[PDB]
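Here you get one chain, nothing else, as structure tokens; it is the form deposited in one PDB entry.
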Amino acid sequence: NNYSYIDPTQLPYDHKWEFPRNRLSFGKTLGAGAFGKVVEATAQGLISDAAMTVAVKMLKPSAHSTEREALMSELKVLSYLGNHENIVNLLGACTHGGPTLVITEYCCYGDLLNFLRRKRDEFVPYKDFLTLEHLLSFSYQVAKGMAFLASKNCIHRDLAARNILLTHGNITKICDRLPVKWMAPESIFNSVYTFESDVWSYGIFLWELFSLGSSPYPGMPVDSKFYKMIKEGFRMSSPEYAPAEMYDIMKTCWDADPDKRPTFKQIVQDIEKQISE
């Protein structure tokens, strides 16, 4: 017991992140749910004389102790992770003088799914239109983000286009009852979530991407037949504009044996080779 893994959620909050509540002005609500809301805000002097747009996550009024501790643990996890270009990074927090506020980067173009759908009419494979080069970049960037998360012992558990955000410079950033159509069979059948199950979900994301935001398994409801087909080995066919080499990645991501799926590190190297050619 002399050597143990350091659990980042057990570490104390680092006040280098602290930011004055009075220097935040809330704007539009970016997301709202049962647990609380995420708002766009202006943070004055976050990086001294200038204000920057940020996102602020906050809990519901007078939240129970378990909910507040969960937000703090999520804050602590972000602090230990460190910065990466392809994740929504932590920028600061307000932990006293009121409820806990978590300040992260703001992604001006919103979620990738709605972006793909609103760019679908304008899409052309080869050349401000969306192109195959853009889709390849999005696939590469999401793989780099997940490879970074995986190397840090993190599992996303809800990887999907709706949970990818797009910001300036065509940079995609990963953010955050069950998303059945994105889940690996072992997650559905055994409630197991692993590095390998995240890879399965990334394959579903690729199908979303090259389908320009179509819903997976189109026209198929989630029922007994769906689960039986998935278990028996049924997989989605290729989107019309997915390069063959990208569909190959999708198929390996969807291997029934989690051990035969690629790692995100391998996916990154594969996509890097495609981008050069």
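Heads up, when I say rigid core I mean the largest set of C-alphas that superpose within 1.5 Å between the two forms. The numbering used is simple: start at 1 and walk along the sequence shown.
Only in words, not in the display: the form deposited in another entry, which the text now covers.
Engineer: Listing 63, 58, 242, 212 as candidates, which single one shows a C-alpha movement of 2 Å or greater between this form and the one not shown when the core is held fixed?
Structural biologist: Only 63 moves by 2 Å or more at its C-alpha.
Engineer: Once you overlay the rigid core, does the Cα of residue 272 travel 2 Å or further between this form and the one not shown?
Structural biologist: False for residue 272: its C-alpha shift is below 2 Å.
Engineer: Note yes or no: does the Cα of residue 25 move by 2 Å or more between this form and the one not shown after the core is superposed?
Structural biologist: After core superposition, the displacement of the residue 25 C-alpha between this form and the one not shown stays below 2 Å, so no.
Engineer: I want to verify one pair: residue 91 and residue 9. Are their C-alpha atoms nearer or more distant in the other form compared with the form I supplied, knowing the change is 3 Å or more?
Structural biologist: Compared with this form, residue 91 and residue 9 lie farther apart in the other form.
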